[PDB]
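Down below is the structure, laid out as structure tokens.
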Amino acid sequence: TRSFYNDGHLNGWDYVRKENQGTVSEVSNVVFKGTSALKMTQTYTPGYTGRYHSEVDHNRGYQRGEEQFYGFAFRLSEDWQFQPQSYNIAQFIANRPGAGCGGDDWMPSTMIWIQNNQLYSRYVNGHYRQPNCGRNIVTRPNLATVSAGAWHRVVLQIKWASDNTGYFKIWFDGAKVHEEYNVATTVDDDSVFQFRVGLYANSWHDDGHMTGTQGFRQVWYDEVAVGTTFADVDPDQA
Ligand SMILES: [Ca+2]
């Protein structure tokens, strides 16, 4: 059964983040299903020292000790300029105030991004809380080649565990592209992580510069769902 469904509208998201010159809007011309989708844009601005999130938030993403499925459709601009930097397209993230690790208390766990023409993801495990900030980031590269100007469909099946009892499975355009079992997929606490979808141009800030010449970046989203079965969240079926 689905706990969340969004057909490509502003309505139903808890929060809309349009950092700096970013936009998030509803469009009817570039749509995966129905008559609406969301368009996220970000624009590089030399001098700016802040971050570049254009995202919509579903606050109830996960809590450790459950299995969930997540599905969404996304599309890069047809003229997407593939570059080695990261452009993040979805993430799970919790605010963990008082954890005392790193530069603030927001910790993204699993993230999904484009690097060159490849879909990357990761999960995080460990403790990341004083007096032990020990945490491990497992990156899973090259999950799929991503074509520009086409709707792609992503399904995740994740059992969120800090034990070696979790699992982490990903489908891309209807095909299983990754699965691994008996792994720890989140940190060992009970924070509730948000599920965000949207263009987060993280390398622009992290790296101190932009690689290439496409400072105006566009990604569309549609058909986002959270539920307990594959069919609940698969954008490619009802
Ligand atoms: Ca739609």
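In the structure tokens, the first chain shown is A, the next is B, and so on; residue numbers restart at 1 for each chain, and ligands run from 1 in the order shown.
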Inset, instruction - Please provide as a PyMOL selection string all residues within 8 Å of range 74-81 of chain A, with the sequence filter that same-chain residues fewer than 4 positions apart are discarded (counting only C-alpha atoms). - result: chain A and resi 147-153+212-214+217-222
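Neighbours of ligand 1 at a cut-off of 7 Å, computed so that only C-alpha atoms and all ligand atoms are counted, are the residues residues 7, 8, 31, 32, 33, 34, 35, 36, 37, 222 and 223 of chain A.
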Residue subset to file, keeping C-alpha atoms, as an mmCIF file, in the first residue's frame:
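So the final result, stored in out_27.cif, reads:
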```
data_model
loop_
_atom_site.group_PDB
_atom_site.id
_atom_site.type_symbol
_atom_site.label_atom_id
_atom_site.label_comp_id
_atom_site.auth_asym_id
_atom_site.auth_seq_id
_atom_site.Cartn_x
_atom_site.Cartn_y
_atom_site.Cartn_z
ATOM 1 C CA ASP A 7 1.521 13.003 -9.750
ATOM 2 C CA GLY A 8 3.837 15.941 -10.568
ATOM 3 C CA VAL A 31 5.311 15.269 -18.577
ATOM 4 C CA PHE A 32 5.767 11.581 -17.812
ATOM 5 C CA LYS A 33 2.123 10.654 -16.995
ATOM 6 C CA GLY A 34 -1.077 12.720 -16.843
ATOM 7 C CA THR A 35 -0.931 16.441 -17.610
ATOM 8 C CA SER A 36 1.518 17.763 -15.045
ATOM 9 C CA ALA A 37 5.122 17.345 -13.947
ATOM 10 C CA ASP A 222 6.965 13.058 -11.959
ATOM 11 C CA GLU A 223 5.099 10.120 -10.511
#
```
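For the residues A:133, A:143, A:211, A:103, ranking by smallest atom-to-atom distance to residue 120 in chain A using only C-alpha atoms places A:143 first.
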Legend entry - All residues 10 Å or closer to residue 114 in chain A, only C-alpha atoms, same chain fewer than 4 positions away omitted, as a ChimeraX atom specification: /A:76,82-89,118-121,141-142,144-146
Legend entry - Distance query range 3-5 of chain A at most 9 Å, only C-alpha atoms, self and fewer than 4 positions along chain excluded, as an MDAnalysis selection string: chainID A and resid 12 58 60 223:228 233
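Of the listed residues A:201, A:16, A:175, A:99, the one whose atoms come nearest to residue 59 in chain A is A:16, with distances taken using only C-alpha atoms.
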Legend entry - Selection: 10 Å around residue 20 in chain A, only C-alpha atoms, excl. self and same-chain fewer than 2 positions, as an NGL selection string: :A and (17-18 or 22-23 or 42-45 or 48 or 50-54)
Inset, instruction - Run DSSP on the backbone of this structure and report the residues of range 168-229 of chain A it assigns to helix (DSSP H, G or I), as a PyMOL selection string. - result: chain A and resi 202-207
